[PDB]
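Examining the three-dimensional arrangement
The residues making up each chain are set out below.
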Amino acid sequence: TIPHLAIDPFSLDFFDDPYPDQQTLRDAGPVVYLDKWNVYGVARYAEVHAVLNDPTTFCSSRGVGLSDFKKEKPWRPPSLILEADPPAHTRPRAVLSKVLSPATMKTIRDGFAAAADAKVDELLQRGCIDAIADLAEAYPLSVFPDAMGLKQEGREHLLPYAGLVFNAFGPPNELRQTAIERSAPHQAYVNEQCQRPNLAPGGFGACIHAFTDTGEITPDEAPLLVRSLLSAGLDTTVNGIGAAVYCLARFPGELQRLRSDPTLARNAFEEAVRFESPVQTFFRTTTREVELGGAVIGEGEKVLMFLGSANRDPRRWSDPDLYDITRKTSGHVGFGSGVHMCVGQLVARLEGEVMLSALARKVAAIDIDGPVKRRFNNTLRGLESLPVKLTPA
Ligand code: HEM
Ligand SMILES: Cc1ccc(C(=O)O)cc1
Ligand SMILES: [Cl-]
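Observations regarding the site of ligand 1
In the vicinity of ligand 1, 26 residues are found, and the nearest of them are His89, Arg93, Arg284, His340 and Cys342. A distance of 2.8 Å separates an oxygen atom of ligand 1 from a polar side-chain atom of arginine 93. Elements with a contribution of two residues or more to the shell around ligand 1: α4 (90-99), α11 (222-232), α12 (235-250) and β6 (281-286). For the shell around ligand 1, the class distribution of residues is 16 nonpolar, eight polar and two charged.

Brief notes about the coordination of the iron atom of ligand 1
Coordination of the iron atom of ligand 1 by the protein comes from a single atom, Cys342 (SG), at 2.3 Å. Assignment of secondary structure puts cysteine 342 in the loop between α15 (307-310) and α16 (345-362).

Describing the nonpolar core
One finds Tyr139, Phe204, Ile208 and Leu356 to be the most contacted residues of the largest nonpolar core, which totals 106 residues. Top contributing element to this core by residue count: α16, with nine residues. The contacts of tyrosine 139, once residues within four sequence positions are left out, are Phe112, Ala115, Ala116, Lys119, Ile241, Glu351, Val354 and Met355. The next biggest cluster of nonpolar side chains, apart from the first, holds 16 residues, and it includes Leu5, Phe15, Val32 and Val39.

Description of the site of ligand 2
As a matter of local geometry, ligand 2 sits amid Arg76, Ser79, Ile81, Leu82, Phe166, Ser228, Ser231, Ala232 and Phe282. At a separation of 2.7 Å, an oxygen atom of ligand 2 approaches a polar side-chain atom of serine 79. Measuring from an oxygen atom of ligand 2, one finds a side-chain N or O atom of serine 228 at 2.5 Å. Out of a free accessible area of 290 Å², ligand 2 has 87% covered by protein chains. In terms of residues, the shell around ligand 2 owes the most to one element, α11, which gives three residues.

Topic: the sheet that holds strand β13 (residues 387-392)
Taken in spatial order, the three strands make up an open sheet running β5-β13-β10, and their pairing is antiparallel. In the strand order of this sheet, the two ends are held by β5 (128-130) and β10 (363-368), each with one partner. Ignoring strand direction, the axes of neighbouring strands in this sheet form an average angle of 35°. In the sheet, β5 pairs with β13 via three bridges, with the strands oriented antiparallel. If you follow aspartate 130 over to β13, its bridge partner there is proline 387. The strands that helix α5 (residues 102-126) touches are β5, β10 and β13; relative to β13, the one it contacts most, it runs at about 100°.

Quick word on the pairing of strand β3 (residues 39-42)
As a general feature of sheets, a regular strand has side chains that alternate between the two faces. Taking every second residue as pointing to the same face, both faces of β3 are buried, with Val39 and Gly41 on one and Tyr40 and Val42 on the other. Strand direction decides the pairing type here: strand β2 (residues 32-34) and β3, joined by three bridges, are antiparallel. Across the sheet, the residue bridging to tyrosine 33 is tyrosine 40, located in β3. Looking at chain direction, β3 and strand β9 (residues 302-306) are connected through three bridges and run parallel. Along β9, the bridge assignment pairs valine 42 with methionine 305.

Comments concerning the UniProt feature "binding site: heme b" (unreviewed entry) in the chain
Per the UniProt annotation, the sites labelled "binding site: heme b" (unreviewed entry) are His89, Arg93, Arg284, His340 and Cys342. Locating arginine 93 in the fold gives a position in helix α4. Beyond its immediate sequence surroundings of up to four residues, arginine 93 is in contact with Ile81, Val339, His340, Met341, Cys342 and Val343. A distance of 3.4 Å separates the side chain of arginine 93 from the backbone oxygen of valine 339, its partner in a polar contact. Mapped onto the elements, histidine 340 comes out in the loop between α15 and α16. The exposure class assigned to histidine 340 is buried, which follows from its relative accessible area of 17%. Not counting residues within four places of it along the chain, the set of residues in contact with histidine 340 comprises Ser60, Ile81, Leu82, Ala84, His89, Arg93 and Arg284.

Here we look at the packing of aromatic side chains
Taken as a whole and assessed by the stated rule, the structure comprises 11 aromatic pairs. Ring plane angle 75° and centroid distance 5.1 Å describe the contact between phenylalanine 169 and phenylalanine 282, whose orientation is recorded as edge-to-face. Note that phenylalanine 169 is positioned in the loop between α7 (158-168) and α8 (174-181) and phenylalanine 282 in strand β6, a separation of 113 residues in sequence. Of the two residues, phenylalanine 169 and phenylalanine 282, both sit in the buried class.

Focus on α8
Every buried residue belonging to α8 is among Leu175, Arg176, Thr178 and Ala179, and all of these are buried. Packed against the buried residues of α8 are α1 (12-16) and α7.

Describing the sheet that holds β3
Strand pairing within a sheet occurs via backbone hydrogen bonds; the two strands may be parallel or antiparallel. An order of β1-β2-β3-β9-β6-β4 is seen for the six strands of this open sheet, with the pairing classed as mixed. If you trace the sheet from one side to the other, it starts and ends with β1 (4-5) and β4 (58-59), each paired once. Here β4 runs beside β6; their pairing, made up of two bridges, is antiparallel. Note that in β6 the partner of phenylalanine 58 across the bridge is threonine 286.

Observations regarding the side chain of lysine 302
Residue placement: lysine 302 occurs in strand β9. It is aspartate 68 that comes nearest to the buried, bridge-free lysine 302 among opposite-charge side chains, at 5.4 Å. Engagement of the side chain of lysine 302 in a polar contact is seen with the backbone oxygen of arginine 62, the distance being 3.1 Å. Within the local environment of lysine 302, its side chain forms a polar contact with the backbone oxygen of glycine 63, the two atoms lying 2.8 Å apart.

Scoring rules and cut-offs
Residues numbered from 1 in each chain as written, not as in the entry; some residues may be left out. Chains lettered and ligands numbered in written order. Heavy atoms only, no water. Near = heavy atom within 4 Å. Polar contact = N/O pair within 3.5 Å; in protein donor to acceptor, adjacent residues only side chain to side chain. Helix = DSSP H or I, 4+ residues; strand = E, 2+ residues; numbered from the N terminus. Nonpolar A, V, L, I, M, F, W, Y, C, P; charged D, E, K, R; others polar. Donors = N, O, S within 2.8 Å, 3.2 Å for Na, K, Ca; no water. Core = buried A, V, L, I, M, F, W, Y, C linked by side-chain atoms within 4.5 Å. Buried < 20%, exposed > 50% of the residue type's maximum accessible area, 1.4 Å probe, protein only. Contact = heavy atoms within 4.5 Å. Areas by Shrake-Rupley, 256 points an atom, 1.4 Å probe, with all protein chains shown as cover. Pairing = 2+ DSSP bridges. Axes fitted to C-alpha atoms, helices over the stretch in contact; angles between N-to-C directions. UniProt positions renumbered as here; feature names shortened; annotations may be inferred. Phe/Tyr/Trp six-rings, centres within 6.5 Å; stacked < 30°, edge-to-face > 60°. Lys, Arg positive; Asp, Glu negative; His and termini not counted. Salt bridge = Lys/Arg side-chain N within 4 Å of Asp/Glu carboxyl O.

If you want it as structure tokens, here you go:
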């Protein structure tokens, strides 16, 4: 009853252009079986949303990558939040929610905005830049490690560590094997920075450790929760901001609308998150036999959720392949949905908003003026190099 497909959603050919294969996955049926990796797949909005919002049946504690923690050893100690189910998930989640809370955004917004304005000013002096290394990477590197409270030395490990984390959600292909092979110095750096004495006062890391006396987390839980922010907090925003600049470079009509009303900056970023879906996929594991669509999935099966496909499903979205900065984006699953929905979404949106605001106010044109190069990762979608000419307003 369930169609079997040979599509490999973790192949370089798929990463290079996923959209035809994602339509094939959607149109084959509400639930597919991917023979390449022996997992179920859901690529329509409806089933992705349903799976995300039933954490009891579609659990996370057996891993949200291909590997089943009941069968294989995790490559690193499980995340106390991402790779936990209720009730164990609940108090670590509440702590990170308060650490990255609406009130916390007020303390960092002025500095994040000034750094975004300063970066665009700097880039406009050069004119021809790489919007990945010089903007999408450079701006988050200029605000997020400091907001964490990290020392300066060793920050070159942060993007490699995150690339490793997101590759390690994938199947055991070359991208994953190579990442793990090179992982030891990056894990050593990251694990050391998670310890309380190495996190500067007032930053996100110190605030996590400060929550260890409320009864929500114990002291021995704080390093792994810092680890979660050092895993998820930087590379995601790099590819979110890169996606937004890539969209504005490809759709100049939308750059023109954004210039005319810079208060569209926040929704222009949100639409970029829907349109590119920097985090493409996550897995769940069934805790029981379950009916989904019309298929009966057995217990202990991996289910691959295509977040990017769900965000382009024409059953849910009008003109899904169009970048529209005034679109009603509410309900997109680029940040997830339900109990695990991105706890750092306010940081991500703040960074994206203030960068797009700086562009909206300072830049008249963004023209691709060099070869575009894609960056390949088992979970992240984004570019390696995006040469652009910035024309000042
Ligand atoms: C454009 C930027 C980002 C995107 C697209 C993104 C994507 C996601 C997604 C899809 C999930 C759901 C995971 C699941 O359902 O299994 C998630 C969760 C999470 N994100 Fe974000 N993320 C972004 C930025 C950030 C930032 C900036 C931080 C921290 C500062 C962060 C920290 C986390 C954490 C800790 C979780 C786990 C939450 C939980 O399991 O309850 N993320 N993210
Ligand atoms: C997207 C993402 C990646 C890693 C983590 C973590 O807890 O390590 C959380 C969320
Ligand atoms: Cl690690």
